[PDB]
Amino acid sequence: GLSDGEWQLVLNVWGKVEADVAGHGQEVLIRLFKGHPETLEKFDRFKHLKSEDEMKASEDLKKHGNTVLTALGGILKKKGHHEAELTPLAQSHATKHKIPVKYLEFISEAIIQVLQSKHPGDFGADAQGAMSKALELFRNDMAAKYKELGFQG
């Protein structure tokens, strides 16, 4: 799974995200949207955004960013014993928002992109390794809840 070591590496980086959750949150959405624009159409609420600047000015794009990462950090914190935190997520995304898993891959990549950007120092070869596996765990588990809800896969 993740070694005990791999978890503490994960939890160390995340201590960085927790000093600025709304700020990290906002960049990962803009990352996502400007990297894979199609993702944007999934948000009624942000489809009105026509540029990065308009994305950076958006107070609600910021609040939503804080919501994604607060919720991803309560999961990460469980260090793979996240069953109760993941279900509802998998429920809304699968049954209400209709998010394909590949989209989950997309945001995973934007999240590494943001850490790599803001914390090169704090995010070396090992923290990179740790985080990428913490996210693939998260993706795998979403995927499988998907599959059980009889959704797309």
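One-based numbering along the sequence shown.
Averaged over CA atoms, B-factors in the entry run higher in 139-147 than in the other of 139-147 and 21-29.
Here the stretch with the larger average CA B-factor, out of 61-69 and 97-105, is 97-105. Remark: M55 belongs to the middle third of its chain, ranked by C-alpha B-factor as recorded.
Sort the chain's modelled residues by C-alpha temperature factor and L89 lands in the middle third, per the entry.
In this PDB entry, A110 carries a Cα temperature factor that places it within the lowest third of its chain's modelled residues.
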